[PDB]
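Yeah, the sequence shown ends on 1242 if you go by my numbering, and it's all consecutive.
Right, one structure below, let's go through it.
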Amino acid sequence: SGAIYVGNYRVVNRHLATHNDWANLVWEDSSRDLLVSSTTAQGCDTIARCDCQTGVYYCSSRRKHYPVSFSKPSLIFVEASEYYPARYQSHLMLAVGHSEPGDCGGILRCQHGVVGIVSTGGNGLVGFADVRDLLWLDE
Ligand SMILES: COc1ccncc1CC(=O)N1CCC[C@@H](C(N)=O)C1
Ligand SMILES: [Zn+2]
């Protein structure tokens, strides 16, 4: 679990979005596993605007943060779940690192701010849904 709170928006994994998220829907993209909903309270997370390929992510299944090198956002094949059939997930960045399904939502951050959130994993890899291209989150 986990979310990013920026201005009047909450960014979550689309597969973990709640009824309140879908009733206050701003934007969603199944191909990215992202959903953004509106909030009443103001958020203070800073979104990174950069091409960093190194950062730190939170891993809830280890109660730890790990430093990683990650790939640039791209289309990557992802196995089926109860949420999606097998498909290419877009804007996904991969790194070598531990993850489990409940780790989705953990933040990846560089020195500039929030880069994205854990969205996939398996076989010792972890994948993060990028948010740095969503320039509208700041206005
Ligand atoms: C962090 O995720 C995991 C890690 C290890 N084994 C499995 C997982 C779970 C996983 O990959 N999922 C969860 C359901 C949505 C899927 C998607 N984005 O299409 C990804
Ligand atoms: Zn950066």
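All residues carry an ideal CB built from backbone N, CA and C; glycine is no exception.
Measuring C-alpha to C-alpha distances from residue 1189 to each of 1205, 1223, 1157 and 1124 identifies 1223 as the nearest. As far as DSSP is concerned, residue 1207 takes part in no beta bridge.
Your pair residue 1240 and residue 1150 checks out as a contact, with CB atoms roughly 6 angstroms apart and the cut at 8 angstroms. Contact residues of ligand 2 (beta-carbon closer than 5 angstroms to any heavy atom; chain order) are 1151, 1153, 1155, 1213 and 1215.
Residue 1127 has its alpha-carbon roughly 34 angstroms from the corresponding atom of residue 1200. Ligand 1 never approaches residue 1168 closely enough for any of its heavy atoms to be under 7 angstroms from the residue's Cβ. Applying a distance threshold of 6 angstroms between residue Cβ atoms and the heavy atoms of ligand 1 selects 1118, 1136, 1181, 1184, 1186, 1187, 1192, 1202, 1203, 1204, 1206, 1207, 1221, 1222, 1223, 1224 and 1225, given in chain order. As DSSP reads the structure, residue 1168 sits in a beta bridge with 1161. Apart from the 5 residues on each side of it in sequence, residue 1234 sits with its Cβ closer than 8 angstroms to the Cβ of 1107, 1114, 1137, 1150, 1217, 1218, 1219, 1220 and 1240 in its chain, given in chain order. Secondary-structure assignment with DSSP links residue 1224 through a beta bridge to 1229. For residue 1170, the closest alpha carbon among the candidates 1148, 1158 and 1152 is that of 1158. Judged by DSSP in its simplified three-state form, residue 1137 adopts strand.
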